[PDB]
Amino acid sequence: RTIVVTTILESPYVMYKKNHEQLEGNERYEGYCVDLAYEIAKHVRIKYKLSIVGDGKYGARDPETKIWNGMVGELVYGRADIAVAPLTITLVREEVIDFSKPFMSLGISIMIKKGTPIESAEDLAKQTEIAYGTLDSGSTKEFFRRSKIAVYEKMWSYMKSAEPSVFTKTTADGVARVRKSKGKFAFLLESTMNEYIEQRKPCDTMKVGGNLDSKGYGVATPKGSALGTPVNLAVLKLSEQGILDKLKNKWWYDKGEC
């Protein structure tokens, strides 16, 4: 009767509460996806337990073993019933799991330390002084690997061979590298994460240029799961009631520091 909700520690979607080490179960966490899971479970009338994905990854398929990792693998292998996380709806994932209609819009974007002389992907592509990278095992890395657009093909050729590695294990590690690199590293990440970090102390980063694509996050369920339909209607209802909007303002802008 208690369903397992896989999710990932990524600010401001799921974060440890201030005193989390004194708390237990769902009470350990807060953020946009913690609130979304609560609202969804309320409408679908299920009890649930949040479970941070062990490997800390969104989900990709190993080309060798063909095994899915991350939250996607938790659904595929039957270890979680739903994922409520900033999980990008992509074709390769839709082949193996189901997604709700999207609860948030986003695009890939460029994060720079303020003052870096870069305004566009073209600007990064044509130079070599400023290194740049992306998160491992997620949809941004796959966007670059799969693109047939000249500028992004050039960026992928550079990142794939860069030494030392430009692929980070977590978003926070990429942000930290931008902040510590005196303008010499830029990070490619989703506009939602980029806009959140831009509003947080020390206010030394910014999003530059427009987004490189336009896509959405959805709530995911194992393929053919009976929960898929009610979850989808719940997301649509929350959207129409203005709740998704209220949550975005709560977690991004209400508390902005910059």
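Note that residue numbering begins at 1 and tracks the sequence as displayed.
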| item | value |
| --- | --- |
| Mean Cα B-factor comparison, 129-137 or 93-101, giving the higher one as deposited | 129-137 |
| Segment of higher mean CA temperature factor, 32-40 or 195-203 | 195-203 |
| Top residue by Cα temperature factor, when 226, 50, 231, 212 are compared in the entry | 226 |
| Candidate residues 236, 23, 244, 9, the one whose C-alpha B factor the record puts highest | 23 |
| Position of residue 60 among the chain's modelled residues by C-alpha B-factor, lowest, middle or highest third | middle |
| CA B-factor ranking of residue 187, expressed as a third of its chain | lowest |
| Residue 171 CA temperature factor, ranked by third within the chain | middle |
| B-factor third for the C-alpha atom of residue 72 within its chain | lowest |
| Where the record places residue 164 (Cα B-factor, split into thirds across the chain) | highest |
